[PDB]
Amino acid sequence: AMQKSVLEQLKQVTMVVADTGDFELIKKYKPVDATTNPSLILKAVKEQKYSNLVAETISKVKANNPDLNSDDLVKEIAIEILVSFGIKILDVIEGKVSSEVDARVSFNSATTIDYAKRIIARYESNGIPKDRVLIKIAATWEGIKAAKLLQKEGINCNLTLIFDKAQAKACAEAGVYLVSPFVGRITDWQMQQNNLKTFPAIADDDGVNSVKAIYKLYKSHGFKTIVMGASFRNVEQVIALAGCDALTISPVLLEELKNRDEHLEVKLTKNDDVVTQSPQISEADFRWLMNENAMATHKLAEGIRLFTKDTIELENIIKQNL
């Protein structure tokens with residue numbers, strides 16, 4: 000782009016997003032948006048780098064909530080930590096930050112809505128308007144149902160743990176602001192199931208193909224939901240999706256892209272394919288389609304379990320630091 004790095008070239012055709020809670024690293028890549036999740040928040044808390052911020056948040060919450068029991072206090076500290084890191088991130092980017100609801104409410108639309116609103120309220124109390132936040136929700140049928148209601152009230156959501164086109168279609172039909180189709184975890188399944196000794200070629204990469212299929216689906220149907228590829232194993236997977244609406248990338252891979260200097264060929268583009276529109280997917284059809292996809296059924300469930308485990312670990316760290 001005047002002999003620019005792959006990272007700089009990529010920013011011209013795709014919205015680059017940093018996938019991290021480590022806000023000090025964000026400055027060296029200059030992404031538009033940033034994304035966090037329970038695993039990334041745990042990592043930012045557990046590491047010594049932001050020990051002061053964590054200590055201050057714990058103190059503040061204890062002081063402002065003297066009437067809460069130990070369990071309630073811990074949950075309140077956990078949400079303020081989520082939001083505190085979100086605010087530090089917003090201070091270094093021009094865009095939005097994604098903050099994820101407690102994974103334990105993934106099968107309850109009502110409590111997902113409650114948690115989403117609590118996150119928004121904590122940001123508001125800290126002087127941050129909702130226009131800069133995306134509430135991240137696991138794309139289970141219940142999560143999509145909750146997002147549908149949240150969007151009607153002007154709360155933008157980021158539907159995550161997307162492994163199947165059926166999820167992506169129901170999300171778009173719910174008027175969701177953005178979806179995070181996973182790439183890497185899909186490729187993990189592929190390599191284990193097929194005992195692959197080396198990484199699959201881009202043309203054969205199940206993860207890259209999933210995002211390409213969702214992108215095509217959305218554009219051909221005129222859905223305005225943002226397609227953001229997430230979870231990457233190498234820069235080649237990211238580069239293969241150049242042109243996608245957005246891509247959220249780890250600091251490790253952003254560093255690699257910053258140091259790559261070959262010409263970037265754009266792969267995903269807009270077409271003149273007359274828009275087509277099908278009937279919305281019902282709960283029963285969605286559940287059947289997800290069941291037919293062994294990988295998606297496993298990885299959606301696993302993703303929720305893993306985030307739950309990391310949330311429980313965070314709670315234990317908080318309890319040991321009261």
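Note that PDB author numbering numbers the sequence shown so that position 15 is 14, with each residue one more than the last. Every residue, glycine too, gets a C-beta built ideally from N, C-alpha and C.
Counting every other CB atom within 10 Å of its CB across the protein chains shown gives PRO278 a total below 16, marking it as exposed. In this structure, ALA33 sits near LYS95, with a CB-CB distance shorter than 9 Å. By the criterion of a C-beta distance shorter than 6 Å, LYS87 is surrounded in its chain by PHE22, once the five residues flanking it on both sides are discounted. Short of 7 Å from the beta carbon of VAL175, and not among the five residues preceding or following it, lie these beta carbons of its own chain, in chain order: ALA146, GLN150, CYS156, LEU158, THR224. In this structure, the alpha-carbon of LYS45 lies about 33 Å from that of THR197.
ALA0 sits in coil when the DSSP states are folded into three classes, being neither helix nor strand. For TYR214, the closest alpha carbon among the candidates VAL234, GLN236, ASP244, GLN192 is that of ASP244.
Burial check for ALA229: the Cβ neighbour count within 10 Å reaches 16 or more, so the residue is buried. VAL210 places its beta carbon 9 Å or farther from that of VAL234. Residue range 132-137 is occupied by the beta strand (DSSP E) that includes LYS135. Within a 10 Å sphere around the beta-carbon of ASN63 sit fewer than 16 other beta-carbons, which makes this residue exposed. Inclusion of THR56 and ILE76 in the CB contact set at 9 Å is warranted, their separation being smaller than that value. Ranked by Cα distance from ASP90, the options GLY20, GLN47, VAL73 are led by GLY20.
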